[PDB]
Amino acid sequence: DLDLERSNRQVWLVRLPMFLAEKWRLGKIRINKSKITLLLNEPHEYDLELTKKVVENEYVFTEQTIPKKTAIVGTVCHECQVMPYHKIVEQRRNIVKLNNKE
Amino acid sequence: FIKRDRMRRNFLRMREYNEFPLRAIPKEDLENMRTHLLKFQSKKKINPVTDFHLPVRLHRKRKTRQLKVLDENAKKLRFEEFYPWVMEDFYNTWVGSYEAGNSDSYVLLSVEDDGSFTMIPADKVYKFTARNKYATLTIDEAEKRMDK
Amino acid sequence: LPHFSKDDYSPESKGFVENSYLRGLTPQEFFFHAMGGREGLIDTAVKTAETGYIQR
Amino acid sequence: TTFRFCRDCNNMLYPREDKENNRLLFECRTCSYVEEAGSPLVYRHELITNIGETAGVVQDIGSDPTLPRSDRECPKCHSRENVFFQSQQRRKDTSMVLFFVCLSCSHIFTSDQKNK
Amino acid sequence: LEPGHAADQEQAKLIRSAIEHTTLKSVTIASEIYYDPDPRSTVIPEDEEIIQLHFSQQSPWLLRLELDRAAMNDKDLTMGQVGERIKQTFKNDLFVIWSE
Amino acid sequence: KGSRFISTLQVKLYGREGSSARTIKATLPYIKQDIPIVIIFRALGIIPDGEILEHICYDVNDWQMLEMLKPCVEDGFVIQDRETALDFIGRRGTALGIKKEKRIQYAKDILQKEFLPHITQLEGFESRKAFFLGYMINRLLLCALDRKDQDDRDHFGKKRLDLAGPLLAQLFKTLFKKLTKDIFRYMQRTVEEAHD
Amino acid sequence: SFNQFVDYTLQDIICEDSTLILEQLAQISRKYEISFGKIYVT
Amino acid sequence: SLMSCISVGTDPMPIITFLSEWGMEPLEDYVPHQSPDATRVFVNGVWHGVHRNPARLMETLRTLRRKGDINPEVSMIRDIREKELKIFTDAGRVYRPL
Amino acid sequence: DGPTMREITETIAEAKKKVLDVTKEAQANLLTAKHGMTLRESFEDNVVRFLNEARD
Amino acid sequence: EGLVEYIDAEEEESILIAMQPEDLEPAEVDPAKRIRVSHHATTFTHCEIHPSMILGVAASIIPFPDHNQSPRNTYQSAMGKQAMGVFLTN
Ligand SMILES: [Zn+2]
Ligand SMILES: [Zn+2]
């Protein structure tokens, strides 16, 4: 009795640097053409990359010999990734490799 | 052409587009509902479960003081959920698997009924494979068959 | 040696020393002579091990 | 060689003796999908090697630091700068001919006078 | 060498082949496994010419192989002795016809 | 880091030159016998033959490696399911996991834990383990096909030097371990006998 | 080597076996745990 | 040799992490037919994915090592002919200055 | 003697020419190993024999 | 400043080390000088800091080692360990 809401919802999953990944544990898409651009919220402006325009046989579901309440969201329309402002990011990247322990 | 000592003093001498506002979806459902990523290796164009079959049912399938091996609980909890997720009818079959490589740092962009998005991370990822479509298997005769 | 381009069968590369002991060897040449000199030592050590045993 | 595979099953295709139509088919031993043979050849062993001799050439091979250089022309490209290396099949019986990489038309000519 | 046949360049070459192990694989270049619909007629053109030469119920497989001339022409031989050797090896069941 | 296992996976190209049975068996640790590798691809979760080769012979047009892969592939004809292979492997080495429901799960234990103590020792990365294995057998054919020299093991780059730091470490590693075990013994008896 | 080993590595070996746990039944049970912290060297 | 020194070993985590952020296509998603000319990436002899423009990647790395971003004892080798890029941070390698 | 040293250099140099020509001949697939050894096997023989000849 | 690099054995595989800097790096006679090779190659990446440094501790003390039959160098390196002298100032 698996539930299928639409299974056709489009999602653009993104790989992010930990600095971006950890900060999310808003967006303003200024799509330009294939010069894909992204307006981040306030701080930098990092665009999107065409990781793969078409991605298939991958789908989004949610779960709530015993099943559970399973619902299906949709399909990845386009796999994306952040395009890292960049000078500060590069400075941050150099800074990231300069940690230590106690 | 021999060694030297007196060059030191020379140094002294040398001297449109759609802005979609966002908001983290409330957390009570996140406690109750864990979301994962579904994937297929059917090589099919879509391979939708809509066309798979009906019905669809996806589910997994006196001692004294003692020195016990340890394990971090999430792995230990993951150690216990070793039952493979299986969807069936009551005939095509599908079985998922753990990848544990890209279920860590990802938040998806749910393009909901509204143009805006609720951003949802993925708890897990699973790799469902179409299996036994040709429906052949010799788990017991194999040991004998290998001698021919 | 890392000092040479690949595929160099010319004698100074494959290990021919052209200088003489009177006026010294170049490093590449000199290093080679170490290996050639060493090979005798190992062999001489072996001959002491083998010939002595055989003679017994 | 160059053996197709099944579809919706995707497995290597053994030959099947199509005597009635007097040809050769290819069967998927997993699922009964079968299609014909594309060529009258079935099996070649090729005891002596003539493949893979030109390994490594890419858009970036000539940008290698340690390879020795040369000065001959690339025939079609008429450019007299090239880079070269020894035969890539590290086998003792192999002869010591030389293979060169153009940088203008990237044409990869050998140094042979016997057979170009 | 033979006492009388000593210091004789050609005479030595006679013996040289006589003892030297000559494996068929030492001259073979490649081996081809084909299906031939007719035991007589062959899909490949180069095969059809020889057939009528030895001509003028059999398995529809075809085995063909290629050897090097110079390697043959080192220990110079003929395929005629090769074929009967192959024939007499197993039997006259393996119908074998060789190029000249 | 961690117990510094001495697991040395090996790959054996069975069958001599020319002679048939040019099949390749591996040797997983804590297993009675050797196992043809095509099982492992299935065991780690690669069912179709095409995927197996794609994990080894990275070039489609090249076929001699595929040619040498042909027999070992057919040696895997007898198994067409991962669990069947998995459970079968559990039989193959120290099958004392009497519960069959635990005997097959023993196979997943070895691959996750004892097999390749490097790239990972957690679960899920089974695909990554396959690729390294697939890469390993890619090299073996190359040397067997004489496109690469035999690996000189006297090359200095393949050598490491263990100074006083590491030498104390591993020596200290065991010494500390024995300290803990003893502390457990005293900790056991006091709980055992409600002593101070 | 020695300085590197003393500073960094020595803490590691403590970490991988810092804790050992012991449990005994009752008639609700009780359990005992011993854990290791930072290493200090005179 | 008088110039020789021995690598004390470092944590490889930054590099691998850094590698992902510069186009190292993760191995779990690698499709060799789809990227036939990939460059396999190793770290202490541990494959961690593939790449597609190693030349961009390589000199980017060395600059970081020369910038001191990567500890100089960390050895990294680009092997053009093998389509393989290797990186070492192991403890006990033998290295000399140049 | 200065003259003798110079004559030595000519002797060494002439050997290189012997080597150089043989090297290219191999690269043109020209050198023919006599029966019983490979091309590289035969190629090394003349190379080493020349250098030893040159020194002696 | 990134003017001198660290190189191990493996890294040496894919580099081209020139012997003496001004001897080779710039582009382009006493016979008693040892005869050397030229800088025909151009695509260098490293030059040896000083070639004499390839020796060890015992070896370095040998004057003009490049004017010796190589096993002799080994012998000196051996005895040099048992050379009576002054081992410490305390
Ligand atoms: Zn099929
Ligand atoms: Zn050209």
# chains A, B, ... in the order shown; residues from 1 in each chain; ligands from 1

call {"tool": "interface_residues", "arguments": {"of": "chain A", "to": "chain B", "cutoff": "10 Å", "atoms": "only C-alpha atoms", "output": "ChimeraX atom specification"}}
result
/A:1-4,6-18,20-22,24-32,38-39,41,55-76

call {"tool": "select_by_dssp", "arguments": {"residues": "stretch 43-76 of chain J", "states": "helix (DSSP H, G or I)", "output": "list in words"}}
result
residues 51, 52, 53, 54, 57, 58, 59, 60, 65, 66, 67, 70, 71, 72, 73, 74, 75 and 76 of chain J

call {"tool": "atom_distance", "arguments": {"atom1": "atom CA of residue A:48", "atom2": "atom CA of residue A:36"}}
result
5.9 Å

call {"tool": "closest_atom_pairs", "arguments": {"of": "stretch 7-89 of chain D", "to": "stretch 24-27 of chain I", "cutoff": "12 Å", "atoms": "only C-alpha atoms", "output": "Markdown table"}}
result
| residue | atom | partner | partner_atom | distance |
| --- | --- | --- | --- | --- |
| D:85 | CA | I:27 | CA | 11.6 |
| D:86 | CA | I:27 | CA | 9.9 |
| D:87 | CA | I:27 | CA | 10.8 |

call {"tool": "residues_near_ligand", "arguments": {"ligand": "ligand 2", "cutoff": "10 Å", "atoms": "only C-alpha atoms and all ligand atoms", "output": "list in words"}}
result
residues 72, 73, 74, 75, 76, 77, 78, 79, 80, 81, 82, 100, 101, 102, 103, 104, 105, 106, 107, 108 and 109 of chain D

call {"tool": "write_last_selection", "arguments": {"atoms": "N, CA, C and O atoms", "output": "short mmCIF file (atom, residue, chain, number, x, y, z; two decimals), in the first residue's frame"}}
result
data_model
loop_
_atom_site.label_atom_id
_atom_site.label_comp_id
_atom_site.auth_asym_id
_atom_site.auth_seq_id
_atom_site.Cartn_x
_atom_site.Cartn_y
_atom_site.Cartn_z
N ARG D 72 61.44 16.36 -36.39
CA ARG D 72 60.97 16.01 -37.72
C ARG D 72 59.58 16.59 -37.97
O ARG D 72 58.90 17.06 -37.06
N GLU D 73 59.17 16.55 -39.24
CA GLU D 73 57.88 17.09 -39.61
C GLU D 73 56.77 16.05 -39.46
O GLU D 73 57.01 14.84 -39.56
N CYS D 74 55.57 16.53 -39.20
CA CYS D 74 54.39 15.69 -39.31
C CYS D 74 53.87 15.79 -40.74
O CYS D 74 53.51 16.88 -41.19
N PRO D 75 53.82 14.68 -41.48
CA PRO D 75 53.63 14.75 -42.94
C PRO D 75 52.44 15.59 -43.38
O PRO D 75 52.60 16.56 -44.13
N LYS D 76 51.24 15.25 -42.91
CA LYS D 76 50.06 15.99 -43.33
C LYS D 76 50.10 17.42 -42.81
O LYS D 76 49.70 18.36 -43.51
N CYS D 77 50.60 17.61 -41.59
CA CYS D 77 50.58 18.91 -40.95
C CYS D 77 51.75 19.79 -41.33
O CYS D 77 51.71 21.00 -41.06
N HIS D 78 52.81 19.23 -41.91
CA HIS D 78 53.98 19.97 -42.36
C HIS D 78 54.65 20.76 -41.24
O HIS D 78 55.42 21.69 -41.51
N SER D 79 54.39 20.42 -39.98
CA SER D 79 55.00 21.10 -38.85
C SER D 79 56.14 20.24 -38.32
O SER D 79 55.96 19.03 -38.11
N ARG D 80 57.29 20.86 -38.10
CA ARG D 80 58.53 20.14 -37.79
C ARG D 80 58.84 20.12 -36.30
O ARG D 80 60.00 20.19 -35.89
N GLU D 81 57.81 20.04 -35.46
CA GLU D 81 57.98 19.83 -34.03
C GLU D 81 57.17 18.61 -33.63
O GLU D 81 56.01 18.48 -34.03
N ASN D 82 57.79 17.73 -32.85
CA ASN D 82 57.11 16.51 -32.44
C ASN D 82 57.77 15.97 -31.18
O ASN D 82 58.90 16.33 -30.85
N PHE D 100 55.98 8.94 -32.89
CA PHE D 100 56.06 10.38 -32.70
C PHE D 100 54.67 10.99 -32.63
O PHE D 100 53.71 10.49 -33.22
N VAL D 101 54.57 12.10 -31.90
CA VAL D 101 53.30 12.78 -31.68
C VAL D 101 53.40 14.19 -32.26
O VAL D 101 54.20 15.00 -31.79
N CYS D 102 52.59 14.47 -33.27
CA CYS D 102 52.48 15.83 -33.77
C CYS D 102 51.78 16.71 -32.75
O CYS D 102 51.04 16.23 -31.88
N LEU D 103 52.03 18.01 -32.85
CA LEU D 103 51.35 18.99 -32.03
C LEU D 103 50.46 19.93 -32.84
O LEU D 103 49.69 20.69 -32.25
N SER D 104 50.57 19.89 -34.17
CA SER D 104 49.75 20.73 -35.04
C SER D 104 48.48 20.01 -35.46
O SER D 104 47.37 20.47 -35.16
N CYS D 105 48.61 18.88 -36.15
CA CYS D 105 47.47 18.02 -36.44
C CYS D 105 47.45 16.79 -35.54
O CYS D 105 46.63 15.89 -35.76
N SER D 106 48.33 16.74 -34.54
CA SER D 106 48.35 15.66 -33.55
C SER D 106 48.41 14.28 -34.21
O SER D 106 47.97 13.29 -33.63
N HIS D 107 48.95 14.22 -35.42
CA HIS D 107 49.05 12.96 -36.15
C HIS D 107 50.22 12.16 -35.60
O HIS D 107 51.32 12.69 -35.41
N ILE D 108 49.98 10.87 -35.35
CA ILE D 108 50.92 10.04 -34.61
C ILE D 108 51.64 9.09 -35.55
O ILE D 108 51.19 7.96 -35.76
N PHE D 109 52.76 9.53 -36.09
CA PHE D 109 53.50 8.76 -37.08
C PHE D 109 54.66 8.04 -36.42
O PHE D 109 55.25 8.56 -35.47
#

call {"tool": "residues_near_ligand", "arguments": {"ligand": "ligand 1", "cutoff": "7 Å", "atoms": "only C-alpha atoms and all ligand atoms", "output": "number ranges by chain"}}
result
D: 6-11, 28-33

call {"tool": "interface_residues", "arguments": {"of": "chain H", "to": "chain B", "cutoff": "10 Å", "atoms": "only C-alpha atoms", "output": "MDAnalysis selection string"}}
result
chainID H and resid 26:29

call {"tool": "select_by_dssp", "arguments": {"residues": "stretch 1-88 of chain J", "states": "strand (DSSP E)", "output": "list in words"}}
result
residues 6, 7, 8, 17, 18, 46 and 47 of chain J

call {"tool": "write_last_selection", "arguments": {"atoms": "N, CA, C and O atoms", "output": "PDB file, in the first residue's frame"}}
result
ATOM      1  N   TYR J   6      60.174  19.269  -1.869  1.00  0.00           N
ATOM      2  CA  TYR J   6      60.476  17.981  -1.275  1.00  0.00           C
ATOM      3  C   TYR J   6      60.064  16.879  -2.234  1.00  0.00           C
ATOM      4  O   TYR J   6      58.960  16.900  -2.781  1.00  0.00           O
ATOM      5  N   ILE J   7      60.952  15.914  -2.436  1.00  0.00           N
ATOM      6  CA  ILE J   7      60.734  14.859  -3.415  1.00  0.00           C
ATOM      7  C   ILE J   7      61.093  13.526  -2.788  1.00  0.00           C
ATOM      8  O   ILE J   7      62.161  13.391  -2.185  1.00  0.00           O
ATOM      9  N   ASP J   8      60.214  12.546  -2.937  1.00  0.00           N
ATOM     10  CA  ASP J   8      60.493  11.173  -2.553  1.00  0.00           C
ATOM     11  C   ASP J   8      60.776  10.348  -3.802  1.00  0.00           C
ATOM     12  O   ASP J   8      60.813  10.862  -4.923  1.00  0.00           O
ATOM     13  N   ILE J  17      65.391  15.981 -13.568  1.00  0.00           N
ATOM     14  CA  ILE J  17      66.306  16.707 -12.701  1.00  0.00           C
ATOM     15  C   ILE J  17      67.572  17.048 -13.467  1.00  0.00           C
ATOM     16  O   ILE J  17      68.287  16.155 -13.930  1.00  0.00           O
ATOM     17  N   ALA J  18      67.865  18.337 -13.585  1.00  0.00           N
ATOM     18  CA  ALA J  18      69.128  18.785 -14.152  1.00  0.00           C
ATOM     19  C   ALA J  18      70.203  18.787 -13.076  1.00  0.00           C
ATOM     20  O   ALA J  18      69.933  19.065 -11.906  1.00  0.00           O
ATOM     21  N   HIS J  46      63.463  20.257 -11.893  1.00  0.00           N
ATOM     22  CA  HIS J  46      64.225  20.407 -10.669  1.00  0.00           C
ATOM     23  C   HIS J  46      65.699  20.320 -11.006  1.00  0.00           C
ATOM     24  O   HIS J  46      66.090  19.670 -11.975  1.00  0.00           O
ATOM     25  N   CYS J  47      66.514  20.989 -10.207  1.00  0.00           N
ATOM     26  CA  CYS J  47      67.952  20.857 -10.317  1.00  0.00           C
ATOM     27  C   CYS J  47      68.518  20.469  -8.966  1.00  0.00           C
ATOM     28  O   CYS J  47      68.052  20.949  -7.929  1.00  0.00           O
TER      29      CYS J  47
END
